[PDB]
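All residue numbers refer to positions in the sequence shown, counting from 1. Worth knowing before you read on, the calculation uses all heavy atoms, side chains too, and leaves out hydrogens, waters and symmetry mates.
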Amino acid sequence: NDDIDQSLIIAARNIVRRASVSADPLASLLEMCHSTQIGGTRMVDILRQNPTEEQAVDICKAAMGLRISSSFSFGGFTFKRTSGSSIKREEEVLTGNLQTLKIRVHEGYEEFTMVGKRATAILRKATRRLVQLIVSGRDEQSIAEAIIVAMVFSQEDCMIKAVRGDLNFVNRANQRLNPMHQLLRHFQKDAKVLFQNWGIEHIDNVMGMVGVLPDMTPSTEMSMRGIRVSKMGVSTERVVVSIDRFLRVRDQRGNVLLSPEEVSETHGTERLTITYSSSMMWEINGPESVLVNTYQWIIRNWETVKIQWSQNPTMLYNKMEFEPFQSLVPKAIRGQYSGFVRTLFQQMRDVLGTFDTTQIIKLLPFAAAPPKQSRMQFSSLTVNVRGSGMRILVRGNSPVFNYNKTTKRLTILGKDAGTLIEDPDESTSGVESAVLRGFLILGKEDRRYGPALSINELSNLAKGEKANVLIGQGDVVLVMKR
Ligand SMILES: O=C(O)[C@H]1[C@H]2CC[C@H](CC2)[C@@H]1Nc1nc(-c2c[nH]c3ncc(F)cc23)ncc1F
């Protein structure tokens with residue numbers, strides 16, 4: 001039952017990481033935790049009774065209104081205050097790149113332990129001043145990680161002055177990181193200016209403790225100011241917290257104890273099966289599994305989908321289940337697809353007797369994104385699966401979308417998305433109301449209305465005239481305007 005904690009952590013990290021790029025991360029996070037199982041058992045039942053303290057596991061607990069440890073995480077280190085106190089106060093600072101940052105400065109004298117995977121440390125600090133850091137670690141990278149984190153955490157001015165270049169770090173949701181994570185990211189990328197301008201001191205002789213120079217060389221004579229490396233150098237109060245929309249967890253006094261930027265990037269492999277049900281975890285098996293599941297999901301929920309489509313489309317379009325598919329749509333074009341498809345849907349609602357089940361299913365995931373309006377008459381819509389742009393044809397079949405009108409079996413890149421059931425609202429006349437934006441196809445080629453136009457000269461017609469248009473290769477049909 002150590003194997004549960006191990007697998008609960010793997011599952012919580014995945015879920016938080018997925019949640020934070022979603023539209024509503026707190027909503028997505030709870031949805032996925034109620035969705036998931038760890039070896040037969042509901043995740044949310046393991047979270048209510050398992051005492052494991054880890055960054056992602058605690059974000060989840062916070063989301064379920066549970067109580068978690070008051071320690072906080074910064075740069076992957078768990079800080080536990082061992083003595084002292086501090087007050088918050090807001091300050092503006094000028095970096096070494098003459099950028100202006102508004103920082104939440106802490107004033108007071110404080111002692112902390114910092115605990116990490118590959119190094120731990122004891123830290124003493126005061127207002128904008130590091131007083132002492134004793135760090136022990138597996139190798140020079142680990143020690144250095146700890147030292148960088150303590151240096152940014154001290155908030156000292158020479159750290160601020162050590163910035164080069166501008167700080168514009170964002171997360172995957174393109175949201176700016178708060179300034180302390182701005183500075184920490186900048187120095188995690190390269191720390192030599194920071195180490196060289198920090199300052200050097202002669203050191204006293206103490207058993208089991210050595211100095212460290214700006215190039216991570218050990219020294220029995222000198223050391224970076226206030227820093228020592230030790231050899232043997234090396235948690236139970238739980239409090240009520242608040243979790244806001246973007247999963248930043250706070251304590252009563254408004255300190256951010258945990259956020260998604262504090263989740264470890266390590267990706268281990270479970271020793272118990274983890275089973276995600278959420279649509280959010282479809283992408284686990286590649287964009288192909290996204291597409292199949294999207295269309296599969298629509299078939300299985302057809303009865304609720306068909307009536308929300310018919311009377312409350314706003315809530316249909318905004319559903320959580322359509323976010324994964326939306327990733328696969330080029331961000332440049334997705335809004336104009338959405339605006340194209342929503343109009344075609346509205347034509348099918350307004351012009352009655354022309355309900356097409358296969359067509360609604362095909363285009364429905366494209367209406368998720370915000371409707372930007374265009375006038376291009378898309379003949380196909382594109383989704384990128386592993387870097388290549390596959391196309392769904394607005395009219396007819398396709399490797400991506402292949403429906404079989406007799407067997408009624410829908411196929412998605414090969415795999416069987418299901419089978420459609422007989423629906424009386426299905427139109428029997430050949431009128432297609434959801435292929436051409438602003439136009440209605442009325443069946444086969446009829447020569448008495450003229451010879452075949454092409455699609456770019458449909459604009460030269462106005463207020464519902466009746467023309468034949470070359471829709472494909474050889475395929476000619478009769479199309480009227482609204
Ligand atoms: O801004 C916050 O509230 C966060 C972000 C910036 C550093 C910590 C981790 C992320 C900080 N969280 C917390 N800081 C502190 C905190 C105490 N003394 C400090 N001196 C400098 C500092 F910088 C933060 C602190 N206490 C509890 C926290 F929970």
Given the options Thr419, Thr411, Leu420, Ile361, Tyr403 meets side chain to side chain contact (heavy atoms under 4.5 Å, CB included) only with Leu420
Short N-O contact, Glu465 and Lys481, less than 4.0 angstrom: no
Might you confirm whether atom NZ of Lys88 has over 12 heavy atoms from other residues, nucleotides or ligands at distances under 6.0 Å? yes
Report yes or no: is the cationic atom of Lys306 (NZ for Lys, CZ for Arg) under 6.0 Å from the centre of the six-membered ring of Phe355, at an angle within 45° of the ring normal? yes
Nearest atoms (heavy-atom pairs only) where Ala417 meets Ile412: CB-CG1, 3.6 Å
Under the salt bridge (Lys or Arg N to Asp or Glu O under 4.0 Å) criterion, do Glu91 and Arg89 qualify, and how do the steps go? CA-CA 7 Å; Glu91 272 191 55; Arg89 173 272 299 269; 2.8 Å; yes
Side-chain donor or acceptor of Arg334 paired with backbone N/O of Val329 under 3.5 Å: yes
State whether a side-chain donor-acceptor pair under 3.5 Å links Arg250 with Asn255. no
Given side chains that start at C-beta, do those of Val479 and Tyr449 come closer than 4.5 Å, heavy atoms only? no
Paired with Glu283, the salt bridge (charged side-chain N to carboxylate O under 4.0 Å, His left out) test is passed by just one of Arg386, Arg17, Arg18, namely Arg18
When you measure from the side chain of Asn293 to the backbone N and O of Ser289, does any donor-acceptor pair fall under 3.5 Å? yes
Is there a donor-acceptor contact under 3.5 Å from the side chain of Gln182 to the main chain of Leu177? yes
Using a distance-only test with no angle check, is there a side-chain donor-acceptor pair under 3.5 angstrom linking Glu323 and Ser327? no
Any salt bridge between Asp251 and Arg253, counting N to O under 4.0 Å? no
Would you check if the side chain of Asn384 reaches a backbone N or O of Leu328 as a donor-acceptor pair within less than 3.5 Å? yes
Please examine the side chains of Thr354 and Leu352, heavy atoms only from C-beta on, and report whether any two atoms are closer than 4.5 Å. no
Within the supplied structure, the quantity of interest is the number of heavy atoms (other residues, nucleotides, ligands) at a distance under 6.0 Å from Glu457 CD; does it exceed 12? yes
Under 3.5 Å donor-acceptor pairs involving side-chain atoms of residues 366-375, not counting sequence neighbours:
{"unit_1": "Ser374", "atom_1": "OG", "unit_2": "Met376", "atom_2": "N", "d": "3.1"}

With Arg13, the side-chain hydrogen bond (donor to acceptor under 3.5 Å, both in side chains) member among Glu54, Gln55, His267: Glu54
For the pair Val292 and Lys415, evaluate side-chain contact (heavy atoms from CB on, under 4.5 Å) and give the outcome as yes or no after the intermediate values. CA-CA 7 Å; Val292 177; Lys415 297 241 156 57; 4.3 Å; yes
Can you find a heavy atom in the side chain of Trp302 that is under 4.5 Å from one in the side chain of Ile299? no
Give a yes or no answer on whether the side chain of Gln99 reaches the backbone of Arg164 with a donor-acceptor pair at less than 3.5 Å. no
Roughly how far, to the nearest 0.5 Å, is CG of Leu26 from CZ of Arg248? 12.5 Å
Would you say CD of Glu303 has more than 12 non-hydrogen atoms from neighbouring residues, nucleotides or ligands within 6.0 angstrom? no
Does the side chain of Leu436 reach to within under 4.5 Å of the side chain of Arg395, using non-hydrogen atoms? no
May I ask you to test the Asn171-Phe246 pair for a side-chain heavy-atom distance under 4.5 Å? no
Salt-bridged, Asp350 to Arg482, with N to O below 4.0 Å? yes
Yes or no on side-chain contact (heavy atoms from CB on, under 4.5 Å) for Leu344 and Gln347, after CA distance, side-chain angles and deciding distance? CA-CA 5 Å; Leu344 285 170; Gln347 304 179 190; 4.3 Å; yes
Decide yes or no on salt bridge (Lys or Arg N to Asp or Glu O under 4.0 Å) for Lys192 and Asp190, but give the supporting numbers first. CA-CA 6 Å; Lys192 63 225 176 210; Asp190 176 277; 2.7 Å; yes
Would you check if the distance from the ring center of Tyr295 to the ring center of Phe401 is below 6.0 Å? yes
Crowded around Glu265 CD? As in, over 12 foreign heavy atoms under 6.0 Å? no
Examine distances only and state if a side-chain atom of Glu270 and a backbone atom of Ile10 form a donor-acceptor pair shorter than 3.5 Å. no
Does any donor atom in the side chain of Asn404 or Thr406 lie under 3.5 Å from an acceptor atom in the other side chain? yes
Return the orientation label for the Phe153 and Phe74 ring planes: parallel under 30°, perpendicular over 60°, tilted otherwise. tilted
Between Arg185 and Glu261 (salt bridge meaning N to carboxylate O under 4.0 Å), is one present in this structure? no
Euclidean distance, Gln308 CD relative to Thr314 OG1, rounded to 0.5 Å: 10.5 Å
Is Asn468 reaching over with its side chain to a backbone N or O of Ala452, donor-acceptor style, under 3.5 angstrom? no
Smallest separation among heavy atoms of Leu453 and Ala467, with atom names: CD2-CB, 4.0 Å
Would you mind reporting whether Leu364 and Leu316 have side-chain heavy atoms less than 4.5 Å apart? yes
When you measure from the side chain of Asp446 to the backbone N and O of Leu478, does any donor-acceptor pair fall under 3.5 Å? no
Can you measure from CZ (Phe169) to NE2 (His181) and round to the nearest 0.5 angstrom? 12.0 Å
If you compare all heavy atoms of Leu66 against all heavy atoms of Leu47, which two are closest, and at what distance to 0.1 Å? CD1-O, 3.2 Å
Would a distance-only check, ignoring hydrogens and angles, find a side-chain to backbone donor-acceptor pair under 3.5 Å from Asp423 to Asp425? yes
For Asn456 and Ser454, test the side chains for any donor-to-acceptor distance below 3.5 angstrom and give the result as yes or no. no
Is it true that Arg245 and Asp24 have a side-chain N and a carboxylate O under 4.0 angstrom from each other? no
Given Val163, which partner from the list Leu101, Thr95, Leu94 fulfils the side chain to side chain contact (heavy atoms under 4.5 Å, CB included) test? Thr95
Side-chain contact, heavy-atom cut-off 4.5 Å: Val115 with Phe77? no
Parallel, tilted or perpendicular: rings of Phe79 and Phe72 (30°, 60°): parallel
With a 3.5 Å distance limit and no angle check, can you tell me whether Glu432 reaches the backbone of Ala434 through a side-chain donor-acceptor pair? no
Going by salt bridge (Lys or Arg N to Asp or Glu O under 4.0 Å), name the residues that satisfy it together with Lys319, two or more places apart in sequence or in a different chain. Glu321
With a 4.5 Å cut-off on side-chain heavy atoms, are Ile38 and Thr36 touching? yes
